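**Q** Chains as they are written, first to last, in the deposited numbering: chain D, 2 to 170, 178 to 244; chain C, 2 to 170, 178 to 245; chain E, 2 to 170, 178 to 243; chain F, 2 to 170, 178 to 242; chain A, 1 to 170, 178 to 239; chain B, 1 to 170, 178 to 239.
In this text, a Cβ means the ideal position worked out from N, Cα and C, and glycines have one as well.
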């Protein structure tokens with residue numbers, strides 16, 4: 002089909018980038034993602050990307066050893082910049098115009114995040130990657146996806162997972185309201201992230217990024233994955 | 002055995018923090034290192050630490066795929082900050098006073114490197130960790146260690162390896185001049201790092217950090233590892 | 002009596018600084034607060050302060066006219082820095098050692114926020130003021146108070162209000185658990201802030217700051233205001 | 002009537018955004034100003050803007066209480082940024098391409114002031130707003146307007162006021185030289201602002217911005233308000 | 001044996017005061033002479049801040065005559081004051097004086113960023129504080145910087161170091184002047200903006216011959232050396 | 001009439017290349033001459049980046065002899081390269097050439113902060129990019145900066161401007184050399200760290216006489232002017 006969105010925010014966990022060796026960055030996987038993003042771009046979609054850092058750092062063992070959680074979150078924010086640099090270089094090599102922004106100033110490495118400049122780049126049809134989360138500890142990459150998504154006036158947050166969407170347990181939900189997710193006690197994202205998306209009416213699509221082709225289907229149709237959005241019984 | 006140095010710069014590869022499992026940061030190894038450092042501090046030694054990032058990022062596979070080496074070197078520099086943050090926390094937990102300095106300003110995470118601020122912290126008997134290399138690509142961690150050692154006026158650069166020191170390939181050399189290393193075509197660090205140490209007369213000790221007690225033996229005596237310094241034939245003192 | 006906390010985070014709305022004139026900063030109110038903070042400091046309590054900006058900027062009218070909420074939030078954050086500067090100066094004039102930290106780097110104006118530097122200053126018995134929120138839009142001053150409080154290892158967040166505590170609407181609750189606040193759908197703070205406080209077990213005291221003496225009572229006893237903390241039925 | 006200027010710097014006091022109620026930012030007044038600026042842009046005029054902060058912060062009370070004046074000047078500078086953010090948004094809502102530059106770095110909020118980047122944006126026909134004064138205390142918004150005007154090579158500094166121009170208190181003066189202002193002891197800016205304008209030969213127009221149509225008249229002709237410039241005798 | 005009459009001073013030096021007999025650069029022997037004189041003030045409890053000019057390293061006239069933008073010329077001058085500042089900081093360290101350099105531009109890795117209350121804290125800690133890069137803005141002289149910094153760090157006085165004994169007709180030296188006198192006799196002391204800033208805040212000025220070893224200690228420990236300018 | 005043999009160059013100039021007959025500062029006529037020559041490279045489609053040294057404005061020798069910390073001296077030199085950068089940027093503007101200045105140090109309000117990919121973007125837009133403040137670090141010559149920047153921005157060549165025609169024995180001029188040859192014959196071209204960087208990355212070097220009007224154009228449009236150093 003043709004795209005149903007003008008501007009998306011695609012959220013990928015760091016683990017999206019790992020190979021069967023389940024660690025670091027797999028170049029073949031990253032280059033596949035770059036070609037998939039290229040085809041949305043040549044479809045005319047404005048693409049922003051938020052990456053986590055869990056392929057490069059998981060702090061559980063250090064936390065168990067007594068590491069301060071603030072320090073663990075900082076390490077993780079740095080890991081997202083490293084992932085963002087790799088994606089930016091992968092996009093360049095696929096001949097896609099791309100820019101990396103970071104919550105922290107990183108002079109000589111990338112751009113500093115600025116919401117109005119990001120929208121300006123997106124409207125220039127550059128892919129914008131957001132790294133370093135929000136600069137603060139105790140806030141998930143999901144919270145960052147929702148925050149950035151709302152700031153850059155994206156139409157939707159695409160939550161890339163390793164599963165087909167949201168299940169009860178196994179039956180896949182196609183459409184859920186924010187109220188239903190809460191009522192049925194389902195797992196979508198942490199309550200803080202979900203609450204930001206809800207208060208601002210940002211719809212979320214949860215889909216399987218590991219299925220080559222799934223991303224294009226999400227962007228061009230209603231059928232792939234699970235959609236979470238505002239219930240019908242409020243406004244018209 | 003008392004310390005023969007007042008101020009040291011310890012260079013560790015990121016791989017020194019790595020577990021036998023073969024990646025990342027092993028909290029037992031890291032905590033073992035914090036205890037060893039703590040025992041240098043309680044001997045009156047002023048300690049600075051330069052960390053690499055190869056336990057967290059090896060660029061080979063991405064490089065062969067065509068990644069720009071500038072970008073690969075930025076990723077590696079960010080990886081050294083992550084090790085520095087781990088090390089600072091480890092030292093804190095061992096009740097060692099420690100600061101992390103970064104060649105990139107990182108507001109809210111750590112201090113921005115300044116040579117005379119670092120000297121001041123070292124005189125106050127704080128351990129200073131240096132991360133993010135020199136801010137620039139194409140320069141090794143060994144080159145960072147020599148550069149920082151020169152700037153903060155360390156007595157020596159200690160190059161922690163997984164070997165007992167510098168061999169033919178096998179005999180271990182105890183003492184070498186800068187001229188000998190080049191004449192015998194021995195590999196000690198990269199040419200730029202070595203060149204910098206050489207021009208400034210910075211002595212280097214290559215030792216096995218993996219041996220417990222080795223760091224203490226290196227700081228309190230002449231026998232452990234291989235020493236590289238200026239030969240006697242240029243001047244008297 | 003004697004203080005029950007070692008380290009507090011005191012959250013004041015910008016509206017706590019206002020007079021009967023309905024806007025701005027009232028120097029007499031500000032100086033009363035500074036003397037009240039001085040008396041905690043000389044009791045040995047380490048005090049950090051989070052200030053809102055609502056006395057200087059109310060965005061509702063501009064929002065009505067179409068102003069982008071990101072922009073409204075940025076304005077509000079700048080307003081907290083102005084309040085923070087007024088408080089720092091008021092503390093100096095009451096001979097209390099204080100420092101202002103900001104989420105944004107403001108070269109020449111104040112210090113850049115850094116959690117471990119703030120703890121070091123608190124350990125030095127300096128009062129640390131936190132301004133510019135988290136540097137991000139869509140996150141309340143209550144959220145900032147809980148985030149900063151958790152980061153600097155405060156014992157409690159004191160939520161200064163103009164009411165006595167949390168009411169059923178009226179009977180004043182003395183003690184509530186997090187589970188109870190949600191069960192009875194009471195309003196304490198926004199769900200984001202409350203959730204952050206709840207997941208880290210940060211207790212909250214809601215009290216009447218506009219009652220002179222109530223802050224010292226809160227810091228030295230269990231009786232003033234409403235306590236919100238983890239319920240007993242967990243461990 | 003057509004513009005007599007290629008590039009202007011419009012100096013607005015914070016109190017120009019103020020509602021008749023007396024405080025803060027009145028959206029109607031603010032959006033009226035954006036429409037007037039848009040019509041300057043639509044005539045080909047390159048517009049820069051300098052905003053004061055006295056609608057959001059007046060430090061008289063805190064100062065009598067003992068507040069350090071450095072601290073008071075920093076609060077005022079931050080208030081000019083808040084005004085600048087509001088102005089940038091209003092211009093955006095009037096479909097005018099506008100940028101905010103601050104004398105302080107404010108990562109995430111706006112651009113950092115750079116004189117040649119500002120000239121480049123003005124040549125691209127973007128409205129550039131300057132906030133946070135010069136980053137230093139003890140210097141008026143008038144001094145900021147003159148400094149920025151000189152740096153970005155404005156043709157003129159327009160000083161928006163609530164009066165029709167400079168008076169005896178009353179004759180309105182039409183044209184004054186710098187030497188006439190000092191010789192007649194008239195009050196136009198503070199001495200350091202006027203001195204800077206004078207030394208650099210920057211003309212100033214003092215006019216009633218509270219009169220709808222006046223801004224357009226000032227830019228398209230010589231009659232509205234009071235002009236202060238270098239005398240013919242040098 | 002004479003004791004200090006000031007608790008906190010701001011000493012303004014032109015860049016030309018560090019110049020050698022070869023009339024240029026930085027003369028190490030002049031600079032080390034000044035480090036010894038500043039150390040003498042420190043060991044008597046005087047809190048010392050220093051503003052340096054850049055004219056020994058950059059004079060803009062030739063480039064300006066060729067058409068160089070005055071902003072650009074002022075930016076080049078600001079950077080030259082930082083170079084002088086770094087030499088002065090190093091000179092003070094070699095004389096065993098605790099000294100810090102603050103710049104109007106954040107210069108990561110080189111020196112501190114200027115902050116008025118941090119500078120006051122350092123002055124109370126009995127550290128010498130050097131201010132460089134002026135105010136960060138063009139069209140403002142080093143004299144305006146001296147007056148502004150002096151006011152901000154709450155100095156008792158601004159000492160304007162020169163190569164002559166004080167303020168003259170050109178040959179009669181004045182000893183005392185009011186701000187009003189200076190303006191009415193059209194005497195040359197500093198630019199109108201700088202002078203007006205000192206006037207409105209009641210900052211007194213002392214104009215003296217720093218060229219003379221001895222003069223600085225004399226100015227700080229007595230009222231007679233040089234020309235004193237204060238409110239009438 | 002000869003066409004360019006390079007698409008993208010990095011032109012290293014010593015600070016001394018801008019000094020006048022009187023052997024100091026910045027000569028506006030020399031600077032404007034160089035601006036005209038750069039403009040003709042740009043007019044032919046060559047992408048031009050420029051690294052500048054600081055020795056016309058600061059030489060550390062005397063201060064170093066007196067005991068100045070070499071770090072501090074290297075910081076002073078770096079700031080001197082920005083001053084040169086600012087003069088060159090203004091000179092190019094006056095010749096009607098689009099140019100940008102980038103600094104290793106963030107200098108808010110003065111110039112751009114260095115970023116490799118942003119420099120490349122500007123070079124593709126046919127802007128001249130001047131690099132100042134070196135790497136930000138001490139103990140690294142301007143030649144090392146030239147090599148490093150050249151590599152980062154993917155220049156075809158590093159043109160080392162000098163006051164002589166090429167690389168000599170001391178007097179025979181060499182036209183062609185390998186990196187091996189230079190090291191074996193111990194020829195003076197640049198320090199070992201800079202040269203080693205050029206070598207390991209295969210960056211060719213041209214050593215020419217920028218003192219001669221016309222030589223820059225000859226070097227960019229022909230293979231015979233000066234000395235060429237490349238991989239054997």
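Assign residue 212 of chain E to one of three DSSP states: helix, strand, or coil.
**A** Locating residue 212 of chain E in the third chain gives position 204, counting from the first residue. DSSP places residue 212 of chain E in strand when its eight states are reduced to three.
**Q** Would you list the residues sitting across from residue 12 of chain A in a DSSP beta bridge?
**A** Counted from its first residue, the fifth chain places residue 12 of chain A at position 12. In the DSSP output, where bridge partners are listed per residue, residue 12 of chain A has A:51 and A:160.
**Q** What in chain C is Cβ-close to residue 115 of chain E, meaning under 9 angstroms?
**A** In the third chain, counting from the first residue as 1, residue 115 of chain E sits at position 114. Within chain C, the residues near residue 115 of chain E are 108, 109, 110, 111 and 112.
**Q** Under 8 angstroms between the Cβ atoms of residue 37 of chain A and residue 126 of chain A?
**A** By one-based count along the fifth chain, residue 37 of chain A stands at place 37. By one-based count along the fifth chain, residue 126 of chain A stands at place 126. Contact: no.
**Q** Enumerate in chain order the residues of its own chain whose CB-to-CB distance from residue 321 of chain B is below 6 angstroms, with the five nearest sequence positions on each side excluded.
**A** Because chain B spans 1 through 239 in this model, residue 321 of chain B falls outside it and cannot be assessed.
**Q** Quick check: the region 79-88 of chain E against the region 72-85 of chain F, are there 3 or more CB pairs under 8 angstroms?
**A** The answer is yes - the region 72-85 of chain F touches the region 79-88 of chain E, with three or more Cβ pairs under 8 angstroms.
**Q** Should residue 220 of chain E go down as buried or exposed, given a rule of 16 or more other Cβ atoms within 10 Å for buried?
**A** As a position in the third chain, residue 220 of chain E is number 212, starting the count at 1. It counts as exposed.
**Q** For chain E, is any of its Cβ atoms less than 8 angstroms away from the one on residue 98 of chain F?
**A** In the fourth chain, the residue the question calls residue 98 of chain F occupies position 97. With 8 angstroms as the cut-off, residue 98 of chain F does not count as an interface residue toward chain E.
**Q** Pull out every residue of the region 68-90 of chain E whose Cβ sits closer than 8 angstroms to any Cβ of chain D, in chain order.
**A** Residues passing the 8 angstroms Cβ filter: 71.
**Q** Looking at the secondary structure, which residues open and close the beta strand (DSSP E) in which residue 132 of chain A lies?
**A** Walking along the fifth chain from the start, residue 132 of chain A turns up at place 132. Here the beta strand (DSSP E) through residue 132 of chain A covers 128-132.
**Q** Starting from the C-beta of residue 197 of chain C, find all residues in its chain whose C-beta is less than 6 angstroms away, skip the five residues before and the five after it, and write them out in chain order.
**A** If you number the second chain from 1, residue 197 of chain C lands on position 189. 143.
**Q** If we require 4 or more residues per run, which alpha helix (DSSP H) segments fall completely within the region 92-144 of chain C?
**A** The region 92-144 of chain C contains these whole alpha helix (DSSP H) runs: 116-124.
**Q** In the structure shown, what three-state DSSP assignment does residue 63 of chain F receive?
**A** Reading the fourth chain from its first residue, position 62 is the one you call residue 63 of chain F. Residue state, collapsed to three classes: helix.
**Q** My output table needs one value for residue 167 of chain A: the three-state DSSP class, helix, strand or coil.
**A** Taking the first residue of the fifth chain as 1, we reach residue 167 of chain A at position 167. The answer is coil: DSSP assigns residue 167 of chain A none of H, G, I, E or B.
**Q** So what does DSSP say about residue 56 of chain A, is it helix, strand or coil?
**A** Mapped onto the fifth chain, residue 56 of chain A falls at position 56. Three-state DSSP puts residue 56 of chain A in coil, outside helix and strand.
**Q** Would residue 24 of chain F count as contacting chain E if we go by Cβ distances under 8 angstroms?
**A** Stepping through the fourth chain from its first residue, residue 24 of chain F is reached at position 23. So, interface residue.
**Q** Under a three-way DSSP split, which group does residue 173 of chain F fall into?
**A** Coordinates for residue 173 of chain F are absent; the numbering of chain F skips from 170 straight to 178.
**Q** Among C:234, C:241, C:240 and C:163, which one has its Cα closest to the Cα of residue 217 of chain C?
**A** Here the question's residue 217 of chain C lines up with position 209 in the second chain. Among C:234, C:241, C:240 and C:163, the Cα nearest to that of residue 217 of chain C belongs to C:163.
**Q** Kindly indicate which three-state DSSP category residue 254 of chain B falls into: helix, strand or coil?
**A** There is no way to answer for residue 254 of chain B, as the model of chain B reaches only from 1 to 239.
**Q** First and last residue of the alpha helix (DSSP H) that includes residue 200 of chain A?
**A** Along the fifth chain, read from residue 1 onward, the residue named residue 200 of chain A stands at position 193. Where residue 200 of chain A is concerned, the enclosing alpha helix (DSSP H) stretches over 199-207.
**Q** Which class does residue 223 of chain F belong to by DSSP, given the choice of helix, strand or coil?
**A** By 1-based counting over the fourth chain, the position of residue 223 of chain F is 215. Helix.
**Q** With residue 42 of chain E as the anchor, note down where its alpha helix (DSSP H) starts and where it stops.
**A** On the third chain, residue 42 of chain E is found 41 positions in, with the first residue counted as 1. Note, residue 42 of chain E: alpha helix (DSSP H), 28-43.
**Q** Taking 8 angstroms as the threshold (beta carbon to beta carbon), is residue 202 of chain F in contact with chain E?
**A** The residue given as residue 202 of chain F occupies position 194 in the fourth chain. So, not an interface residue.
**Q** Quick check: what's the CA-CA separation for residue 153 of chain B versus residue 137 of chain C?
**A** Translated into the one-based positions of the sixth chain, residue 153 of chain B becomes position 153. Translated into the one-based positions of the second chain, residue 137 of chain C becomes position 136. Near 13 angstroms, if we compare the C-alpha coordinates of residue 137 of chain C and residue 153 of chain B.
**Q** Find the nearest neighbour of residue 132 of chain D within the set D:13, D:2 and D:6, judged by alpha-carbon distance.
**A** Within the first chain, residue 132 of chain D is the residue found at index 131, counting from 1. Among D:13, D:2 and D:6, the Cα nearest to that of residue 132 of chain D is on D:13.
**Q** By a C-beta neighbour count over all protein chains shown, 10 Å radius and 16 as the cutoff for buried, is residue 44 of chain B buried or exposed?
**A** Here residue 44 of chain B refers to the residue found at position 44 of the sixth chain. The residue in question, residue 44 of chain B, is exposed, as its Cβ has fewer than 16 Cβ neighbours within 10 Å.
**Q** If residue 8 of chain E and residue 99 of chain E are in contact, beta carbons under 8 angstroms, what's the gap, nearest whole angstrom?
**A** For the purposes of this step, residue 8 of chain E is taken as residue 7 along the third chain, with counting starting at 1. For the purposes of this step, residue 99 of chain E is taken as residue 98 along the third chain, with counting starting at 1. Residue 8 of chain E to residue 99 of chain E, Cβ: 15 angstroms. No contact.
**Q** Between the C-alpha atoms of residue 101 of chain E and residue 182 of chain D, what's the straight-line distance to the nearest angstrom?
**A** Taking the third chain and counting its residues from 1, one reaches residue 101 of chain E at position 100. Taking the first chain and counting its residues from 1, one reaches residue 182 of chain D at position 174. Using only the alpha carbons, I get a separation of about 50 angstroms.
**Q** Indicate whether residue 10 of chain E and residue 51 of chain E have their beta-carbon atoms separated by less than 8 angstroms.
**A** By 1-based counting over the third chain, the position of residue 10 of chain E is 9. By 1-based counting over the third chain, the position of residue 51 of chain E is 50. Contact flag set, yes.
**Q** Touch check for the region 105-116 of chain E and the region 109-117 of chain A: three-plus C-beta pairs under 8 angstroms?
**A** As far as the Cβ criterion goes, the region 105-116 of chain E touches the region 109-117 of chain A, which means the pair count is three or higher.
**Q** Count the CB pairs spanning the region 23-41 of chain F and the region 16-29 of chain A that are closer than 8 angstroms, and state whether there are at least three.
**A** With a cut-off of 8 angstroms, the region 16-29 of chain A and the region 23-41 of chain F do not count as touching, because too few Cβ pairs lie within range.
**Q** Residues of the region 127-159 of chain C with a CB closer than 8 angstroms to any CB of chain B: list them in chain order, please.
**A** The region 127-159 of chain C vs chain B, Cβ under 8 angstroms: 135, 136, 137, 138, 139, 148, 151 and 152.
**Q** Please state whether the Cβ-Cβ distance between residue 186 of chain E and residue 236 of chain E is less than 8 angstroms.
**A** Reading the third chain from its first residue, position 178 is the one you call residue 186 of chain E. Reading the third chain from its first residue, position 228 is the one you call residue 236 of chain E. Yes, these two residues count as a Cβ contact at 8 angstroms.
**Q** Between the Cα of residue 230 of chain E and those of E:166, E:190 and E:170, spot the shortest distance and give me the residue it belongs to.
**A** Here the question's residue 230 of chain E lines up with position 222 in the third chain. That would be E:166, whose Cα lies nearest to the Cα of residue 230 of chain E.
**Q** Taking residue 63 of chain C as the query, report the chain B residues whose CB atoms sit under 7 angstroms from its CB, ordered along the chain.
**A** By 1-based counting over the second chain, the position of residue 63 of chain C is 62. Simply none; closest approach about 17 angstroms.
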